[PDB]
Structures are given as C-alpha cells and as structure tokens.
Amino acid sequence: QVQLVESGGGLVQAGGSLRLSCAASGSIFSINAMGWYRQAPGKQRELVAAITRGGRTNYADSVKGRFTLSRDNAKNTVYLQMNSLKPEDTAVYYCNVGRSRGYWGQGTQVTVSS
C-alpha cells in the first residue's frame, strides 16, 4: 500500500541537465530526512545528496555546486536538479527514506555521453 516513484532520467549530452523527481504516495518527506543515492556499473552504491527534515542539504564532493536537492512537501515530492553533467555521473539513481532499513525506489538510469 505504498509507492516511491522516481522519474526524470535518461540520456543527456555532457554539460547538460536532468531533473530527477521522487514522488511519495504519502507525506513521508515532511517528517523524515531523505537521501539520493547512485550506483554506477559494478561499483558500490554511494550517497549523492541528502536533506534533513528541517531542510539542511548535504552533497558528495564530486557533485557539490552542480546538484541541488529541493523539496515540495505539499505534493510529497523531492527534486534533484543535476546541472553540468559529466560522464562519471552515469549511474542508477535511487530515491530513499530510512536508509538500508528503509524504502527505496526502483532506480532511474542516468546516462551522460561525450
């Protein structure tokens, strides 16, 4: 009886932009922190951008300044705006609440070509 729905991935040219969304079936983002993770072909899953319940963001060093994580509680959605993309950002991006004990989306593939 729950849905964590990601959207917005695909293929983009290096330096271009993608707007990943993550839409919850309930108001979970309004009383918990969430995290965006990514997993490239045959590496480990890593954190990319996280947001506390009160709105403090925090990013991995490889994306700092290019990736901005925002939130619209009134429609149970968070957004990861990814600008000036590079080849090494190519991966499957996952929406998460509750960490490894928690809720994950299916993954959105992001492909960055040069």
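One-based numbering along the sequence shown.
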note = Once average C-alpha B-factors are taken from the entry for 6-14 and 102-110, the winner is 6-14
inquiry  = So, looking at the entry's B-factor column for Cα atoms, which has the higher mean, 54-62 or 27-35?
reply    = 54-62
inquiry  = Can you tell me whether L80 has a C-alpha B-factor in the lowest, middle or highest third compared with the other modelled residues of the same chain?
reply    = lowest
inquiry  = Ranking the modelled residues of this chain by C-alpha B-factor as given in the entry, is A49 in the lowest, middle or highest third?
reply    = lowest
